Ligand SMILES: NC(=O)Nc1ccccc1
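Presented below, as structure tokens, is a lone chain in the form solved without 1-phenylurea.
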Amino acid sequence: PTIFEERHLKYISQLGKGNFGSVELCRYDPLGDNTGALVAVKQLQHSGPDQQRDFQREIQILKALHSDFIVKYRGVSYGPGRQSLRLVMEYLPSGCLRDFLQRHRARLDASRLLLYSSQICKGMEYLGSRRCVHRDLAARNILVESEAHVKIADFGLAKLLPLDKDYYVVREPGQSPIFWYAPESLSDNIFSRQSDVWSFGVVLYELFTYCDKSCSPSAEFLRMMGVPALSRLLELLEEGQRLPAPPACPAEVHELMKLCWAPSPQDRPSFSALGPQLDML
């Protein structure tokens, strides 16, 4: 049931890509008549041992996650051995939240944005409870199930925290747009559930700008900046500068963003603390 046969997965189109992987829309069509169910199918773009190890980890993480706010694992297809070839997931045709917000901005009010914020927060609370650090939380990595329901996706950079250690250090600097990283990630490559909280603050920013490109984290931080861009961004953050409140943003929401962006990770609120506050608003 959770093993999909290669010959039955029929290629339709590209959905996305990033971090050495692609996600394709396929029909799982064992009858061959174009009547089968649609699925979203992730694979490496090309072979590589480091990326294969990371891919198997992604599969193992997602398979063990069971939440209305996390994209559903369906199964896998295999290459040669037990070598995983594809990760099969539910297909959410509304696509990523970034795209959805841009398209439907004139239809989604502040209550809707708060609903999405609450749902994302609940998914992240759950992730934290599984000792999972996502590391790449952004609107482009969140999917839309319906106009009243979003789900976190993109577990390709996620890591599980050992039982005796609440952070991890990466050896190389990351390769995602720098404007979602916490200061400690920028300076020391440290990631934690608390750096996910920082990124969630940027996600709240994105929600309340409807992912408008002109005031996006990149556009606005670059404009505020004026050494290497990473060192410049780090300086800016260490001085206390932050993204400005989005146009028409409710003050209470902006205040929560600022808490998420506390300089020190131990001073940021937990997702468990943020949830009830979002629900209140």
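Superpose the two forms; the largest set of C-alphas matching within 1.5 Å is the rigid core. The first residue of the shown sequence is 1; numbering continues from there.
- Message: Superpose by the rigid core and compare 66-74 with 30-38; which one moves more, by C-alpha RMS, in 4 other deposited structures of this protein?
- Response: More C-alpha displacement in 4 other deposited structures of this protein shows up in 30-38.
- Which is farther from the shown form in 4 other deposited structures of this protein in C-alpha RMS with the core fitted, 155-163 or 113-121? Stretch with the higher C-alpha RMS distance in 4 other deposited structures of this protein: 155-163.
- Message: When the other structures of this protein are compared, and only where the residues around it are present, is residue 93 absent from a third or more of them?
- Response: No; none of the other entries leave residue 93 out.
- Would you say residue 217 goes unmodelled in a third or more of the other compared entries? In none of the comparable entries (those modelling both sides of it) is residue 217 left without coordinates.
- Message: Going by the PDB record, how many residues of the deposited sequence fall between residue 49 and residue 50 without any coordinates: none, 1 to 3, 4 to 9, or 10 or more?
- Response: Unresolved stretch here: none.
- Between 10-18 and 269-277, which has the larger average Cα B-factor in the PDB entry? For C-alpha atoms only, the mean B-factor is higher in 269-277.
- Which is higher in the entry, the mean Cα B factor of 233-241 or that of 65-73? According to the entry, 233-241 carries the higher average C-alpha B-factor.
- Between 99, 196, 90, 166, which one tops the list for C-alpha B-factor in the PDB entry? It is 166.
- Out of 202, 133, 106, 121, highest CA B-factor residue: The listed residue with the largest C-alpha B-factor is 106.
- Query: Going by the entry, which third of its chain does the Cα temperature factor of residue 253 land in?
  - Reply: As the PDB entry reports it, the C-alpha B-factor of residue 253 lands in the highest third of its chain.
- State the tercile, meaning the lowest, middle or highest third, of residue 44 with respect to the CA B-factors recorded for its chain. As the PDB entry reports it, the C-alpha B-factor of residue 44 lands in the lowest third of its chain.
- Task: Within this chain's modelled residues, let me know which third the CA B factor of residue 78 belongs to: lowest, middle or highest.
- Result: Highest third.
- Task: Divide the modelled residues of the chain into thirds by Cα B-factor and specify which third, lowest, middle or highest, holds residue 170.
- Result: Tercile = highest for this residue's CA B-factor.
- In terms of the chain's CA B-factor thirds, is residue 57 lowest, middle or highest? Ranked within chain, residue 57 CA B lands in the middle tercile.
There is another form of the same protein, the form solved in complex with 1-phenylurea; it is not shown, and what comes next is about it.
- Query: Contact between residue 249 and 1-phenylurea in the deposited bound form at 4.5 Å, heavy atoms?
  - Reply: No, residue 249 is distant from the partner.
- Message: I'd like to know whether residue 202 contacts 1-phenylurea in the deposited bound form, with contact meaning heavy atoms within 4.5 angstroms.
- Response: Because a heavy atom of residue 202 falls inside 4.5 Å of 1-phenylurea in the deposited bound form, the answer is yes.
- Does at least one non-hydrogen atom of residue 253 fall within 4.5 angstroms of 1-phenylurea in the deposited bound form? Residue 253: no contact with 1-phenylurea in the deposited bound form.
- Message: Taking 1-phenylurea as it sits in the deposited bound form, is residue 221 near enough to touch it, meaning that at least one heavy atom pair lies within 4.5 angstroms?
- Response: It does: once 1-phenylurea is placed as it appears in the deposited bound form, residue 221 has a heavy atom within 4.5 Å of it.
- Item | 4, 9 and 36 each touching 1-phenylurea in the deposited bound form (heavy atom, 4.5 Å) | No, because 4, 9 and 36 lack any heavy atom that approaches 1-phenylurea to within 4.5 Å in the deposited bound form.
- Item | Option touching 1-phenylurea, based on a heavy atom within 4.5 Å in the deposited bound form, out of 245, 59, 65, 237 | Looking at 245, 59, 65, 237 one by one, just 237 meets the 4.5 Å heavy-atom criterion.
- Task: Name the single residue among 167, 179, 126, 210 that comes within 4.5 Å of 1-phenylurea in the deposited bound form, judging by heavy atoms.
- Result: Of the listed residues, the single hit is 179.
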